>>> print(open('model.pdb').read())   # PDB, N, CA and C atoms
ATOM      1  N   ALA A   1     101.223  95.070 111.550
ATOM      2  CA  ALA A   1     101.557  96.025 112.579
ATOM      3  C   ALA A   1     101.746  97.354 111.847
ATOM      4  N   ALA A   2     102.836  98.118 111.902
ATOM      5  CA  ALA A   2     102.874  99.458 111.342
ATOM      6  C   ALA A   2     102.909  99.725 109.827
ATOM      7  N   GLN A   3     102.010  99.111 109.043
ATOM      8  CA  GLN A   3     101.904  99.386 107.620
ATOM      9  C   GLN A   3     100.942 100.582 107.637
ATOM     10  N   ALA A   4     101.388 101.673 107.046
ATOM     11  CA  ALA A   4     100.631 102.894 107.001
ATOM     12  C   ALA A   4      99.740 102.914 105.774
ATOM     13  N   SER A   5      98.563 103.511 105.916
ATOM     14  CA  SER A   5      97.679 103.697 104.789
ATOM     15  C   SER A   5      97.528 105.165 104.475
ATOM     16  N   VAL A   6      96.993 105.410 103.292
ATOM     17  CA  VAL A   6      96.650 106.772 102.876
ATOM     18  C   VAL A   6      95.365 107.150 103.605
ATOM     19  N   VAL A   7      95.366 108.318 104.247
ATOM     20  CA  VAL A   7      94.256 108.846 105.042
ATOM     21  C   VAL A   7      93.988 110.257 104.489
ATOM     22  N   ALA A   8      92.719 110.623 104.319
ATOM     23  CA  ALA A   8      92.314 111.923 103.808
ATOM     24  C   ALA A   8      92.707 113.003 104.795
ATOM     25  N   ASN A   9      93.513 113.924 104.327
ATOM     26  CA  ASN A   9      94.035 115.028 105.127
ATOM     27  C   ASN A   9      93.065 116.177 105.089
ATOM     28  N   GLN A  10      92.010 116.094 104.290
ATOM     29  CA  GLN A  10      90.951 117.082 104.222
ATOM     30  C   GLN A  10      89.762 116.348 103.630
ATOM     31  N   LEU A  11      88.547 116.910 103.650
ATOM     32  CA  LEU A  11      87.453 116.258 102.944
ATOM     33  C   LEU A  11      87.846 116.266 101.470
ATOM     34  N   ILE A  12      87.830 115.136 100.776
ATOM     35  CA  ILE A  12      88.089 115.105  99.348
ATOM     36  C   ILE A  12      86.732 114.976  98.674
ATOM     37  N   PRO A  13      86.273 115.955  97.898
ATOM     38  CA  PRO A  13      84.950 115.947  97.280
ATOM     39  C   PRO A  13      84.874 114.861  96.226
ATOM     40  N   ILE A  14      83.665 114.423  95.908
ATOM     41  CA  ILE A  14      83.434 113.468  94.846
ATOM     42  C   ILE A  14      84.036 113.957  93.537
ATOM     43  N   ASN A  15      84.522 113.031  92.717
ATOM     44  CA  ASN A  15      85.036 113.323  91.386
ATOM     45  C   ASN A  15      86.058 114.435  91.370
ATOM     46  N   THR A  16      86.901 114.421  92.396
ATOM     47  CA  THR A  16      87.930 115.430  92.462
ATOM     48  C   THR A  16      89.268 114.721  92.359
ATOM     49  N   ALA A  17      90.174 115.308  91.586
ATOM     50  CA  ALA A  17      91.484 114.735  91.393
ATOM     51  C   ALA A  17      92.317 114.978  92.640
ATOM     52  N   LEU A  18      92.997 113.928  93.062
ATOM     53  CA  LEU A  18      93.812 113.925  94.257
ATOM     54  C   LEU A  18      95.087 114.709  94.088
ATOM     55  N   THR A  19      95.433 115.526  95.073
ATOM     56  CA  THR A  19      96.682 116.270  95.069
ATOM     57  C   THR A  19      97.437 115.836  96.322
ATOM     58  N   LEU A  20      98.725 116.121  96.473
ATOM     59  CA  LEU A  20      99.477 115.730  97.650
ATOM     60  C   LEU A  20      99.010 116.343  98.954
ATOM     61  N   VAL A  21      98.424 117.546  98.983
ATOM     62  CA  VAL A  21      97.937 118.095 100.261
ATOM     63  C   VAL A  21      96.723 117.319 100.815
ATOM     64  N   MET A  22      96.086 116.492  99.969
ATOM     65  CA  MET A  22      94.914 115.743 100.358
ATOM     66  C   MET A  22      95.231 114.445 101.082
ATOM     67  N   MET A  23      96.486 114.015 101.117
ATOM     68  CA  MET A  23      96.749 112.661 101.566
ATOM     69  C   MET A  23      97.852 112.640 102.583
ATOM     70  N   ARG A  24      97.559 112.157 103.772
ATOM     71  CA  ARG A  24      98.614 111.974 104.754
ATOM     72  C   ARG A  24      98.777 110.479 104.973
ATOM     73  N   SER A  25      99.668 109.976 105.800
ATOM     74  CA  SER A  25      99.717 108.555 105.990
ATOM     75  C   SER A  25      99.638 108.305 107.470
ATOM     76  N   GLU A  26      98.957 107.236 107.823
ATOM     77  CA  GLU A  26      98.793 106.930 109.222
ATOM     78  C   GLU A  26      98.641 105.439 109.333
ATOM     79  N   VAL A  27      98.981 104.901 110.506
ATOM     80  CA  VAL A  27      98.814 103.489 110.814
ATOM     81  C   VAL A  27      97.417 103.395 111.417
ATOM     82  N   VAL A  28      96.509 102.859 110.618
ATOM     83  CA  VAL A  28      95.106 102.769 110.978
ATOM     84  C   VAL A  28      94.661 101.354 110.698
ATOM     85  N   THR A  29      93.533 100.951 111.243
ATOM     86  CA  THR A  29      92.987  99.663 110.882
ATOM     87  C   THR A  29      91.505  99.892 110.620
ATOM     88  N   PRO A  30      90.880  99.289 109.595
ATOM     89  CA  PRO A  30      91.546  98.427 108.613
ATOM     90  C   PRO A  30      92.551  99.132 107.688
ATOM     91  N   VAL A  31      93.441  98.351 107.108
ATOM     92  CA  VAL A  31      94.483  98.852 106.221
ATOM     93  C   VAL A  31      93.863  99.183 104.865
ATOM     94  N   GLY A  32      94.186 100.381 104.396
ATOM     95  CA  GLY A  32      93.737 100.850 103.109
ATOM     96  C   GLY A  32      94.887 100.800 102.135
ATOM     97  N   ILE A  33      94.806 101.691 101.160
ATOM     98  CA  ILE A  33      95.835 101.815 100.138
ATOM     99  C   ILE A  33      97.161 102.138 100.827
ATOM    100  N   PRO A  34      98.260 101.432 100.548
ATOM    101  CA  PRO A  34      99.519 101.670 101.224
ATOM    102  C   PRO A  34     100.036 103.066 100.978
ATOM    103  N   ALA A  35     100.656 103.637 102.016
ATOM    104  CA  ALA A  35     101.204 104.987 101.927
ATOM    105  C   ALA A  35     102.172 105.185 100.773
ATOM    106  N   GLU A  36     102.886 104.119 100.393
ATOM    107  CA  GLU A  36     103.828 104.136  99.275
ATOM    108  C   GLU A  36     103.154 104.501  97.970
ATOM    109  N   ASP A  37     101.872 104.202  97.846
ATOM    110  CA  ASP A  37     101.164 104.518  96.627
ATOM    111  C   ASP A  37     100.696 105.928  96.448
ATOM    112  N   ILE A  38     100.903 106.821  97.425
ATOM    113  CA  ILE A  38     100.496 108.228  97.279
ATOM    114  C   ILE A  38     100.989 108.869  95.965
ATOM    115  N   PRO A  39     102.233 108.806  95.462
ATOM    116  CA  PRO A  39     102.607 109.337  94.167
ATOM    117  C   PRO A  39     101.712 108.863  93.050
ATOM    118  N   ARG A  40     101.396 107.570  93.082
ATOM    119  CA  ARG A  40     100.514 106.970  92.097
ATOM    120  C   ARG A  40      99.140 107.578  92.120
ATOM    121  N   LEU A  41      98.598 107.899  93.282
ATOM    122  CA  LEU A  41      97.238 108.404  93.388
ATOM    123  C   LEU A  41      97.038 109.825  92.909
ATOM    124  N   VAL A  42      98.128 110.609  92.848
ATOM    125  CA  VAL A  42      98.048 111.991  92.388
ATOM    126  C   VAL A  42      97.438 112.043  90.990
ATOM    127  N   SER A  43      96.418 112.883  90.885
ATOM    128  CA  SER A  43      95.560 113.200  89.759
ATOM    129  C   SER A  43      94.501 112.138  89.478
ATOM    130  N   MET A  44      94.447 111.067  90.263
ATOM    131  CA  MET A  44      93.369 110.124  90.086
ATOM    132  C   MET A  44      92.176 110.677  90.839
ATOM    133  N   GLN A  45      90.964 110.381  90.438
ATOM    134  CA  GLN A  45      89.779 110.911  91.069
ATOM    135  C   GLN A  45      89.123 109.940  92.007
ATOM    136  N   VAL A  46      88.516 110.455  93.062
ATOM    137  CA  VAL A  46      87.735 109.604  93.941
ATOM    138  C   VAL A  46      86.337 109.488  93.391
ATOM    139  N   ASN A  47      85.665 108.401  93.676
ATOM    140  CA  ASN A  47      84.332 108.186  93.147
ATOM    141  C   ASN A  47      83.276 108.452  94.179
ATOM    142  N   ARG A  48      83.679 109.006  95.325
ATOM    143  CA  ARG A  48      82.752 109.297  96.396
ATOM    144  C   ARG A  48      83.377 110.432  97.219
ATOM    145  N   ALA A  49      82.613 111.218  97.958
ATOM    146  CA  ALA A  49      83.217 112.158  98.895
ATOM    147  C   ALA A  49      83.947 111.335  99.980
ATOM    148  N   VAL A  50      85.167 111.735 100.330
ATOM    149  CA  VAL A  50      85.944 111.059 101.360
ATOM    150  C   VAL A  50      86.107 112.059 102.508
ATOM    151  N   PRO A  51      85.375 111.917 103.624
ATOM    152  CA  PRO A  51      85.490 112.780 104.790
ATOM    153  C   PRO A  51      86.894 112.781 105.364
ATOM    154  N   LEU A  52      87.224 113.876 106.044
ATOM    155  CA  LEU A  52      88.495 114.034 106.758
ATOM    156  C   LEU A  52      88.809 112.842 107.653
ATOM    157  N   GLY A  53      90.033 112.340 107.555
ATOM    158  CA  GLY A  53      90.477 111.261 108.413
ATOM    159  C   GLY A  53      90.027 109.884 107.934
ATOM    160  N   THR A  54      89.369 109.758 106.785
ATOM    161  CA  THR A  54      88.948 108.469 106.257
ATOM    162  C   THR A  54      90.138 107.783 105.610
ATOM    163  N   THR A  55      90.294 106.480 105.816
ATOM    164  CA  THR A  55      91.315 105.713 105.106
ATOM    165  C   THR A  55      90.871 105.505 103.675
ATOM    166  N   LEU A  56      91.728 105.809 102.717
ATOM    167  CA  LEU A  56      91.421 105.667 101.311
ATOM    168  C   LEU A  56      91.572 104.184 100.999
ATOM    169  N   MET A  57      90.512 103.615 100.447
ATOM    170  CA  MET A  57      90.444 102.202 100.097
ATOM    171  C   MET A  57      90.512 102.089  98.580
ATOM    172  N   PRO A  58      91.015 100.971  98.007
ATOM    173  CA  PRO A  58      91.172 100.782  96.559
ATOM    174  C   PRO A  58      89.890 101.077  95.768
ATOM    175  N   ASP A  59      88.731 100.694  96.317
ATOM    176  CA  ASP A  59      87.446 100.873  95.643
ATOM    177  C   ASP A  59      86.942 102.315  95.614
ATOM    178  N   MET A  60      87.622 103.263  96.272
ATOM    179  CA  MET A  60      87.248 104.680  96.275
ATOM    180  C   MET A  60      87.946 105.484  95.191
ATOM    181  N   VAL A  61      88.964 104.922  94.530
ATOM    182  CA  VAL A  61      89.760 105.676  93.584
ATOM    183  C   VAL A  61      89.524 105.094  92.209
ATOM    184  N   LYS A  62      89.070 105.949  91.330
ATOM    185  CA  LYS A  62      88.752 105.522  90.004
ATOM    186  C   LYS A  62      90.025 105.205  89.258
ATOM    187  N   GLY A  63      90.078 103.991  88.754
ATOM    188  CA  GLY A  63      91.214 103.568  87.965
ATOM    189  C   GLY A  63      92.311 102.962  88.834
ATOM    190  N   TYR A  64      92.158 102.778  90.150
ATOM    191  CA  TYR A  64      93.249 102.281  90.946
ATOM    192  C   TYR A  64      93.264 100.764  90.869
ATOM    193  N   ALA A  65      94.443 100.227  90.592
ATOM    194  CA  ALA A  65      94.689  98.791  90.620
ATOM    195  C   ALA A  65      96.068  98.743  91.294
ATOM    196  N   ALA A  66      96.390  97.909  92.286
ATOM    197  CA  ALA A  66      97.672  97.933  92.971
ATOM    198  C   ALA A  66      98.813  97.216  92.244
TER     199      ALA A  66
END
>>> encode(input="model.pdb", output="structure tokens")
Amino acid sequence: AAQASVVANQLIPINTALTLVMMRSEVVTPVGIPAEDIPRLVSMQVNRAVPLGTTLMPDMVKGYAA
């Protein structure tokens, strides 16, 4: 039910390091990376362009292991 995931708050370009303005949290389905992990994701890079409103999934972040 209400487990929130990290959702792109703006288009995140390929190979760009994540900053806090890029990530909001929302209850979406399917469930992506948990909102609690946003501190962890800061400065990690995405391996693909992530369009606005996309749920960030573990396989989109280089080096992410939960």
>>> residues_around(input="model.pdb", residues="region 13-19 of chain A", least_positions_apart="3", cutoff="6 Å", atoms="only N, CA and C atoms", output="PyMOL selection string")
chain A and resi 22-23+41-50
>>> write_last_selection(input="model.pdb", atoms="N, CA and C atoms", output="PDB file, in the frame of the given file")
ATOM      1  N   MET A  22      96.086 116.492  99.969  1.00  0.00           N
ATOM      2  CA  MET A  22      94.914 115.743 100.358  1.00  0.00           C
ATOM      3  C   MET A  22      95.231 114.445 101.082  1.00  0.00           C
ATOM      4  N   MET A  23      96.486 114.015 101.117  1.00  0.00           N
ATOM      5  CA  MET A  23      96.749 112.661 101.566  1.00  0.00           C
ATOM      6  C   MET A  23      97.852 112.640 102.583  1.00  0.00           C
ATOM      7  N   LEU A  41      98.598 107.899  93.282  1.00  0.00           N
ATOM      8  CA  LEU A  41      97.238 108.404  93.388  1.00  0.00           C
ATOM      9  C   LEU A  41      97.038 109.825  92.909  1.00  0.00           C
ATOM     10  N   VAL A  42      98.128 110.609  92.848  1.00  0.00           N
ATOM     11  CA  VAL A  42      98.048 111.991  92.388  1.00  0.00           C
ATOM     12  C   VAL A  42      97.438 112.043  90.990  1.00  0.00           C
ATOM     13  N   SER A  43      96.418 112.883  90.885  1.00  0.00           N
ATOM     14  CA  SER A  43      95.560 113.200  89.759  1.00  0.00           C
ATOM     15  C   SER A  43      94.501 112.138  89.478  1.00  0.00           C
ATOM     16  N   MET A  44      94.447 111.067  90.263  1.00  0.00           N
ATOM     17  CA  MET A  44      93.369 110.124  90.086  1.00  0.00           C
ATOM     18  C   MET A  44      92.176 110.677  90.839  1.00  0.00           C
ATOM     19  N   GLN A  45      90.964 110.381  90.438  1.00  0.00           N
ATOM     20  CA  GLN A  45      89.779 110.911  91.069  1.00  0.00           C
ATOM     21  C   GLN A  45      89.123 109.940  92.007  1.00  0.00           C
ATOM     22  N   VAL A  46      88.516 110.455  93.062  1.00  0.00           N
ATOM     23  CA  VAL A  46      87.735 109.604  93.941  1.00  0.00           C
ATOM     24  C   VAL A  46      86.337 109.488  93.391  1.00  0.00           C
ATOM     25  N   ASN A  47      85.665 108.401  93.676  1.00  0.00           N
ATOM     26  CA  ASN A  47      84.332 108.186  93.147  1.00  0.00           C
ATOM     27  C   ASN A  47      83.276 108.452  94.179  1.00  0.00           C
ATOM     28  N   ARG A  48      83.679 109.006  95.325  1.00  0.00           N
ATOM     29  CA  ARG A  48      82.752 109.297  96.396  1.00  0.00           C
ATOM     30  C   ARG A  48      83.377 110.432  97.219  1.00  0.00           C
ATOM     31  N   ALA A  49      82.613 111.218  97.958  1.00  0.00           N
ATOM     32  CA  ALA A  49      83.217 112.158  98.895  1.00  0.00           C
ATOM     33  C   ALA A  49      83.947 111.335  99.980  1.00  0.00           C
ATOM     34  N   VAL A  50      85.167 111.735 100.330  1.00  0.00           N
ATOM     35  CA  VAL A  50      85.944 111.059 101.360  1.00  0.00           C
ATOM     36  C   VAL A  50      86.107 112.059 102.508  1.00  0.00           C
TER      37      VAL A  50
END
>>> residues_near_point(input="model.pdb", point="(92.2, 111.1, 102.2)", cutoff="8 Å", atoms="only N, CA and C atoms", output="VMD selection string")
chain A and resid 6 to 12 21 to 24 50 to 57
>>> select_by_dssp(input="model.pdb", residues="chain A", states="strand (DSSP E)", output="ChimeraX atom specification")
/A:5-8,23-26
>>> residues_around(input="model.pdb", residues="residue 35 (chain A)", least_positions_apart="3", cutoff="8 Å", atoms="all atoms listed in the file", output="list in words")
residues 3, 4, 5, 6, 7, 24, 25, 26, 32, 38 and 39 of chain A
>>> closest_residue(input="model.pdb", among="A:61, A:27, A:20, A:34", to="residue 1 (chain A)", atoms="only N, CA and C atoms")
A:27
>>> atom_distance(input="model.pdb", atom1="atom C of residue 63 (chain A)", atom2="atom C of residue 36 (chain A)")
14.3 Å
>>> atom_distance(input="model.pdb", atom1="atom C of residue 31 (chain A)", atom2="atom N of residue 58 (chain A)")
7.6 Å
>>> atom_distance(input="model.pdb", atom1="atom C of residue 59 (chain A)", atom2="atom C of residue 33 (chain A)")
11.5 Å
>>> select_by_dssp(input="model.pdb", residues="region 6-64 of chain A", states="alpha helix (DSSP H)", output="VMD selection string")
chain A and resid 38 to 41
